[PDB]
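okay, structure incoming, though there's no sequence with it:
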Ligand SMILES: NC(=O)c1ccc[n+]([C@@H]2O[C@H](COP(=O)([O-])OP(=O)(O)OC[C@H]3O[C@@H](n4cnc5c(N)ncnc54)[C@H](O)[C@@H]3O)[C@@H](O)[C@H]2O)c1
Ligand SMILES: NC(=O)c1ccc[n+]([C@@H]2O[C@H](COP(=O)([O-])OP(=O)(O)OC[C@H]3O[C@@H](n4cnc5c(N)ncnc54)[C@H](O)[C@@H]3O)[C@@H](O)[C@H]2O)c1
Ligand SMILES: NC(=O)c1ccc[n+]([C@@H]2O[C@H](COP(=O)([O-])OP(=O)(O)OC[C@H]3O[C@@H](n4cnc5c(N)ncnc54)[C@H](O)[C@@H]3O)[C@@H](O)[C@H]2O)c1
Ligand SMILES: NC(=O)c1ccc[n+]([C@@H]2O[C@H](COP(=O)([O-])OP(=O)(O)OC[C@H]3O[C@@H](n4cnc5c(N)ncnc54)[C@H](O)[C@@H]3O)[C@@H](O)[C@H]2O)c1
Ligand SMILES: Nc1ncnc2c1ncn2[C@@H]1O[C@H](CO)[C@@H](O)[C@H]1O
């Protein structure tokens, strides 16, 4: 008589279990942690509030935390990212999950609240696993008493880490965090190669458009922008890249991209006259990758080529000015997470109007909204880091330290390089890769241990 | 009556000047520093011992240092890297240079000694520019009194920085250094994209071999290994990558390379039995990128496919066991910097023997030995960093500080991110790239200044 | 629906029609050659009186083809040429427009044959068909074997695909072909567009939808390096797969080598003597993904399937399901459906499986065309070329009126032909303009210098592109 | 006492022999023909006038024809294409060769004349091997008596075949020809993949310019244009493609190139107004691939970005209007086969002028002029076809046929597909490729013989 969940359709559970059993075979670092630590139960007593895309891959993470002794209460960090069969499989395993694909904003907030509360009272939570910081922010604003008993936060993504670092700077962060994002086996795996796999995937599922020989503008050339640019270029798109960071821009040039600004001489003065109308008039696809606000603004949307596709693979819905499009233009649903945005006006539209844009996932994460996000073998690295970060912070028991000792441990930190390397090795073995062992003379020659770490913490890979 | 130089052929000077004038047009960051600092003469009174590849690109660096007020005495850091027309053009400008292509080891040492000594006595040197640490080591071992008057070292390359850091750890480093290598506009420009341009270049000039559809083994997947692997794969080579670092190996896998070891299960126990003879029997091209010793060892060389090409783009000549090949096998010169190594024995060889390897540049830096190394537009970034580093250390005047103040400034440092970004922006403008400017709201949203820096010092790009 | 009381169709779900119409309106904007033909020929109605039996994948793209034929004056009766290729929203939109269509995703073999029969028969009697549009030759074969009298009134066949063309040429050689045909496949704007670039787009698409597997850094074996093999190999290599290519044609193998692929055989020294000992078990033990592209039989045979790495994906993008020995797998191994068109094939035996068994293969679309079975096949802008050629071929054969010729005149016109290069060039130009491409015009001096007309054709018929 | 040759320097012979011995190991189809036909001497009595680039690769062809019993007299078909060490090695083998790198037009004609005449009288020639048709045209215009006794022409290249077909159409062709170009193992090997290898090679040797991130315009998208486009794109160039053939243009689009015209709406009026000044103002590199005339015209050259590189990889130097540049602009030699073309005027230039173009190989074949042309393993296919074509026409003995029988055999033909496949198989084995054999059932199923041919003559590959 387990009822402590809310999912689209519990009857999808058997399908979800079939997909979990396949995904496990794609996730050797995660399954290795299960086999290694199952006996020791290092998360026994851990009670984890989890807020991350309720996908099959997240399912393998959840069941790894549970297999290591954790109890969890789970929600999605995005209204469109859930795989309903994954959510069903987790609910049917007796794990509290509050997630479905196509939540309203009200339902999204209700789902997070259902993780925080059990039977109408704060759950005895002592750990947080977050993606983007929404759960972190709700706990700090609304449930500070709960944070007193929480040993730490493990934060998945660039945007969430930024929000943690703001809180640390302002003296408002109440518990230590591990920045899972900045593991090399996360940032330079998931952020880059995940988006390389999943961006063209989502655009194909959403539009089935030929990409080869068409014009893309990728806004950003960080990890996600690099992966996104490659996703499109490898399909034969002609990709132009926009950046504010000259080092990232230099990388775009050397990687064989033309670096352009949507604005004349790169100056965004907020006027239509500032828009390079000739450039935007030629673009078939714009992708936002920034973690920033209004990088595809109203004036850019007005200037875009007719029938251009617009999408966002970085954070929230405000990289693209969707608020402007809701206020001014008529939305025609093609199918779920695909809208034609008719630039002819707000009230009606002509079914045969040629002056529209195609918006994917209403400007939310396109890879998860219009496809299934990163593949298992990539998320294996991110999620092995999550499990190790949960173990580290849980075992440190911050909430049980004296005030003086808390002051010294209240930080946002990355996992040590040795763990990053061990996750990498399990990932390499999953490809059938064979890593060479240094000889003693070779290890002495370059000044490292035969078992590593092989690089100083300053190394950028 | 200028005679304070030694070059192959002074009559090549006019040709060298023609090539310097073209190279200047490819090096906007360097020529920007000339225009910026020429008036102020920030290196007036600087007396720079330089030891770096006497190429056309090094020529533009030398003339930038001189245009900012430096005097220099110059040698090459490699016996095969000099462009004789570049050396001639620098000598013809009245700058002391001791460099030619195809030096002996004795001539190499003599050339460095001719920079250190002027008219049989130590030069009144006060700055060092080094590539690989040979000049740095000679000053510390043989001329320690000269280091009393030296304000600093600016070190070009990964291997040289390793040697500096050993000296710092052991308390044997006598003057502060700038690690130029670990600027992003050096390491993730020069080390990677330089080798992408110049490795297939050198292999074509040396062998004219088709690379498409043939089998390569790249030992190492650091910045040089990454660029080297792309150099070959973009030509259609089937590239396998060897690594000791599982994170680098993980990147090789994600980049679409098979990761293999020369040794069964990656264990080099020193025996022939440990060699994967089946793997090495299929390899047409082996490239070493490691900075390590004996990564292409005698047993690997014995097991390699007949008529395989062997080359090193890392350091020294000891990445490949060339000593074993000189001791055991007969060398037939095809043309300069190309030898057939006859595995039939040491004494004679049959002109028609089928059992040989092709060694490029006698196992020394293949890009500079068999071609012209990195292109001007790439070296522009490295050398803009060198000039800014020379300015910083010269203006700090370490050698004139009291003992107490020296103790605090005796360090190996990178340039600030802000300077790295300024070099990057000049490089981007040379591609016709346009960097977007953040709005105040956007800069506040992601927590950076509109002027940058745009990333924390932890950012890996 | 549209027509009062219309019931002359069978589709999965008529309520998908509005959705299908939304997708047709988008696809039209991606298909300028096809929409150009509509605008050009609408007034002239060159297919007025044409009654076309069509058998091709009932996709959104096929929907734009059908409505082009109807806009030019044709009546049609339509079925899919594959049990898994139909997009049910496309089928619904076509039925709702009052066009007879018999197609759904996930037909049985019985349902497949019934659907073709429903195009051929109207109210239980042969339709007064006078044209055939076919993809793979099944409808062509049924008319020749079962309804020869209907071919007396048929002016021509226009055939989409390599396999169908092969079957037409066998019929011509054997003197059994009863009406002339246009080989649409061998337009350059078909073969070297659709067969290659279509598969480049749609193969990795179908593998992602079907498995969501990371391809980067994993090992693929592509069997074949014709147009489909070339496009398939690029689909995987551009994702970072380590692709090995098998071929029987040394010229295609040479192209694979030059394109940067290792050319290997499943069999030692390339000799398939039918023994297990002939299988290169070491090579197949390393393969994560096998793709068949040949149009040939048993190119991924039982012994190869036995030797494949555990949890390898197996799929076919060649026109029929016998490229892989699926019959051997149905006979010997237990099939576990993951989801539609995805099965785990448990090599532990026939009767039952352990849910947690590690010794299985993943088969996509039960060995049938994987791009159409697990995704949506080629994109609109590619199918535009193929389908512009189909419309031109239909116009040509319908206007020639073969069925109304005297016996002596028929003998001379009974052939399998391609469209003239000038039409191939005109399709290509409309495709280029859809990319915003600008084709240069030769000067008179330049046209004289290379010996062509300023208007083309620009190449002799021998040119291979 | 062998003196029947003219080369740059006979002392280069030993070096040329070293390179021939290596090149043989890269050319298994050619070396296979030697082993197969040695004993049978199928070219015994053949006396071949050869006119093709006197490269190392051509050396292996010559020595194959000689090993099969031919005598030859050889010249280059290009003033810049000879490798002087190859010419020396062939002369030192007692083979008449008249070729050096850097011929004048007068020297070029004299060299062809020295093949045609022996001791001041027509040689007893009975076979012609040609590349571009210059020798073929001289024989038809000036030596028709010699053509009476010639059994055939084997023609290497697209331009030469066009010239043969015009002669056949006009009834002026006097002997049958094999179109060696349209073997698949020639056209879709040499013309495409050869240029992919050798175009970026020649641009690097000639300029050492970084190509990554820079803008290229490739005029033409035939076999050479396809390979040239890839040569640049694989290096990271942003490649735009021009074409007059909409099918080739369609292929460029699908291959992921933007298709542009130098002229507004593609219409060349002959006026400056017709030039797209904005487009040409952004181009760093223009490459002509057409076999057509004035496809990089005077107005395009005037509009090109300052310091753009201009080159031609089509068979003759009239693709670029070099005549306009000789008439109007000052040429500064950088080094052999590299000129700065100063757009400031005809009589003198400022050494520091910024307004110049860089022209490679004075507008002649850039791959052979500035590098070594196609690699051995590619030329192996072309030259295996040449040998089989020489055998076929020599054995047919056209010159000895009655007039009635000649009339029936006077044609321009390709080799049978079966021979194309046999060359391909030897090329594949040189990669270590393993071709599968059809079963009898499989062969019957697709309607071919187990031993081929595998495709109908209509197949395009
Ligand atoms: N969809 C996914 O699966 C996925 C994967 C990982 C991360 N993310 C999200 O993607 C976003 C980016 O993450 P990242 O790791 O690449 O961060 P990053 O800091 O590496 O890169 C972001 C880049 O955006 C650039 N940028 C900022 N404002 C810009 C503007 N106005 N114009 C142009 N460029 C601008 C910055 O200079 C920076 O290089 C974040 O929101 C992150 O959480 C999503
Ligand atoms: N030739 C040039 O123009 C050029 C350019 C820059 C740097 N370099 C030189 O290249 C070398 C590498 O530079 P880098 O910046 O790539 O350094 P790096 O540390 O980034 O990369 C070296 C890599 O070698 C790997 N490695 C070490 N021992 C190995 C072994 N036994 N087998 C396999 N892999 C092994 C390490 O794990 C590391 O990832 C240095 O010697 C550097 O000075 C040369
Ligand atoms: N799925 C799609 O959307 C799509 C696209 C177009 C064509 N097709 C089908 O794809 C198939 C191939 O079409 P194509 O145009 O590429 O034909 P093709 O003749 O160009 O290529 C087929 C290749 O298979 C090779 N081959 C034959 N037997 C082989 C064997 N035993 N092992 C290895 N290679 C072998 C041949 O040598 C040939 O090169 C046909 O069935 C065609 O109808 C499907
Ligand atoms: N340098 C070498 O090693 C090498 C190799 C092989 C062939 N070639 C020569 O290269 C040339 C091309 O050979 P190919 O086999 O590619 O010929 P091709 O006919 O295959 O290609 C030439 C292309 O140029 C296009 N073209 C013609 N005029 C044009 C114009 N004004 N603007 C744009 N495009 C135009 C044509 O449409 C055609 O597609 C010939 O001269 C051939 O002999 C040189
Ligand atoms: N398939 C997936 N399952 C779960 N999380 C994912 C998936 N794909 C991407 N993500 C995560 O989404 C985050 C952005 O919210 C990224 O940091 C990435 O780690």
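Happy to help now that I have it. Numbering: from 1, shown residues only, chains lettered A, B, ... in the order given. Ligands and ions are numbered 1, 2, ... in the order given.

host element of residue A:332?
Following DSSP states H and E, one finds residue A:332 within strand A:330-335.

list the buried residues of that strand.
Of the residues in strand A:330-335, those buried by neighbour count under the rule 16 or more other C-beta atoms under 10 Å in any protein chain shown are A:330-332, A:334. In short, each C-beta sits where N, CA and C put it, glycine included.

want to throw those residues into JSON lines with distance to residue B:164?
Output for the buried residues of strand A:330-335, formatted as JSON lines (distance: C-beta to C-beta, whole Å):
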{"residue": "A:330", "distance to residue B:164": "65"}
{"residue": "A:331", "distance to residue B:164": "61"}
{"residue": "A:332", "distance to residue B:164": "64"}
{"residue": "A:334", "distance to residue B:164": "60"}
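
returning to that earlier point: mind listing the strands the next helix or strand after the strand holding residue A:332 pairs with, and their directions?
The C-terminal neighbour of strand A:330-335 among helices and strands, as given by DSSP H and E, is strand A:338-342. If you go by DSSP bridges, strand A:338-342 pairs up with strand A:330-335 (antiparallel), strand A:356-360 (antiparallel).

so what touches strand A:338-342?
Here strand A:338-342 makes contact (C-beta atoms under 8 Å, 6 or more residues apart in numbering or on different chains) with A:206-207, A:310, A:325, A:329-334, A:349-350, A:353, A:355-360, A:362, A:370, C:26.

point me to the residue of the stretch 351-461 of chain A nearest chain D.
For the stretch 351-461 of chain A, the residue positioned closest to chain D under C-beta to the nearest C-beta is residue A:460, at a distance of 19.7 Å.

that residue touches residue B:189, doesn't it?
No: in this structure, residue A:460 sits apart from residue B:189 without contact. The criterion is C-beta atoms under 8 Å, and the distance is 11.8 Å.

how close does the residue of chain A at minimum distance from ligand 1 get to chain B?
Using C-beta to the nearest ligand atom, the single residue of chain A nearest to ligand 1 is residue A:222, 1.7 Å away. Distance of residue A:222 to chain B, given as C-beta to the nearest C-beta, to the nearest Å: 8 Å.

ok, that residue touching residue A:289?
Yes: the pair residue A:222 / residue A:289 is scored as a contact, 6.6 Å apart, by C-beta under 8 Å.

neighbour count: the two, which is higher?
residue A:289 (29 against 24; other C-beta atoms under 10 Å in any protein chain shown).

tell me how far the more buried one lies from ligand 3.
As for residue A:289, its distance to ligand 3 is 32 Å (criterion: C-beta to the nearest ligand atom, to the nearest Å).

likewise residue A:245?
Plainly put, residue A:245 is 42 Å away from ligand 3 if you go by C-beta to the nearest ligand atom.

still on that earlier bit, for the residue of chain A closest to ligand 1, which residues are in contact?
With contact taken as C-beta under 8 Å, 6+ apart, residue A:222 is in contact with A:158, A:191, A:245, A:248, A:289-291.

with residue A:302 instead?
Applying C-beta under 8 Å, 6+ apart, we find residue A:302 in contact with A:272, A:275, A:343.

ok, and the closest non-adjacent residue to the first one?
In space, and not counting its chain neighbours, residue A:272 is closest to residue A:299: 5.2 Å by C-beta to C-beta, 6 or more residues apart in numbering or on different chains.

does any part of stretch A:21-33 sit near chain B?
No: on the criterion C-beta under 8 Å from any C-beta of the partner chain, stretch A:21-33 is out of touch with chain B, staying 10.0 Å away.

next: stretch A:376-390.
Yes: on the criterion C-beta under 8 Å from any C-beta, stretch A:376-390 is in touch with chain B at A:378, A:381.

intersect the contacts of residue A:222 with the contacts of chain B.
Filtering the contacts of residue A:222 for proximity to chain B (criterion: C-beta under 8 Å from any C-beta) leaves A:245, A:248, A:290-291.

take the contacts of strand A:338-342 and, keeping just the buried ones, write it as a ChimeraX select command.
Once 16+ other C-beta under 10 Å is used to decide burial, the buried members of these can be selected in ChimeraX as follows:
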select /A:206,207,310,325,329,330,331,332,334,349,353,356,357,358,359,360,362,370 /C:26
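
any part of stretch A:203-220 near chain D?
Yes: using C-beta under 8 Å from any C-beta, stretch A:203-220 reaches chain D at A:212-213, A:215.

take those residues and lay them out in a markdown table including distance to ligand 4 and secondary structure.
As requested, the residues of stretch A:203-220 next to chain D are exported to a markdown table (distance: C-beta to the nearest ligand atom, whole Å; DSSP: H, G, I helix; E, B strand; the rest coil):
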| residue | distance to ligand 4 | secondary structure |
| --- | --- | --- |
| A:212 | 20 | coil |
| A:213 | 17 | coil |
| A:215 | 22 | strand |
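
of those residues, closest to ligand 2?
The shortest gap between ligand 2 and any of the residues of stretch A:203-220 next to chain D belongs to residue A:212, at 33.9 Å (C-beta to the nearest ligand atom).

isn't that closest one right next to residue A:239, touching?
No: shown here, residue A:212 and residue A:239 do not form a contact pair, counting by C-beta under 8 Å, at 11.9 Å.

so what's residue A:329 up against?
Shown here is residue A:329, whose contacts under the criterion C-beta under 8 Å, 6+ apart are A:341-346.

how does chain A divide into domains?
The record's domain parsing of chain A by automatic domain parsing lists A:6-186+A:374-426, A:209-314+A:317-363.

all helices of the stretch 251-400 of chain A, in order?
Assigned by DSSP state H, counting those that start in this stretch, the stretch 251-400 of chain A shows helices spanning A:277-280, A:298-303, A:322-328, A:366-370, A:376-396.

OK, contacts around residue A:198?
A:231, A:367-368, A:371-375 are the contacts of residue A:198 under C-beta under 8 Å, 6+ apart.

restrict the contacts of residue A:329 to those near ligand 4?
Of the entries in these, none also sits close to ligand 4 under the rule C-beta under 6 Å from any ligand atom.

nearest to ligand 4 among these?
residue A:343 (37.1 Å).

and the residue of the stretch 301-450 of chain A closest to ligand 5?
Counting by C-beta to the nearest ligand atom, the stretch 301-450 of chain A gets nearest to ligand 5 through residue A:373 (2.7 Å).
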